[PDB]
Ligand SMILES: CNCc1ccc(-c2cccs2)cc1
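Read the single chain below, which is given as structure tokens and is the form deposited without this ligand.
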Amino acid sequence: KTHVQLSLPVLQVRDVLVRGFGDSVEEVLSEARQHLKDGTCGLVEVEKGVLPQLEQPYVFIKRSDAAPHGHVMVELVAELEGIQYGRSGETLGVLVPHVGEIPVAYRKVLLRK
């Protein structure tokens, strides 16, 4: 399927144990996609002070369209030293590995895969 319905655990930035997916734009997009498939991906909502507490390159989920079955359609955009790889809509948050942190909420998304 070109899209997959996912429910992403929303994590508080100070709880996150593994603060990024790797060391290159290509690696973080690769790893983000694998963790999304494996159900081991969390989401941190971006506010003042959040991104400096996470590791670059960043992987964002961005709204790709204006929401089947409650699921917002999203795609992945990476960012490294102020350059983004991908073009999409409004940021829903930054993806990180989930290794058992307790979430505050879930974010229903339809991921373009």
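Don't overthink the numbering: it's just position in the shown sequence, from 1.
Another form exists, deposited with this ligand bound; not displayed. Remarks below refer to it.
The shortest heavy atom separation between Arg87 and this ligand in the deposited complex exceeds 4.5 Å. Mapping the unseen interface onto this chain, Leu36 counts among the residues with a heavy atom inside 4.5 Å of this ligand in the deposited complex. Residues of 85 to 113 placing a heavy atom within 4.5 Å of this ligand in the deposited complex, in sequence order: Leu111, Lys113.
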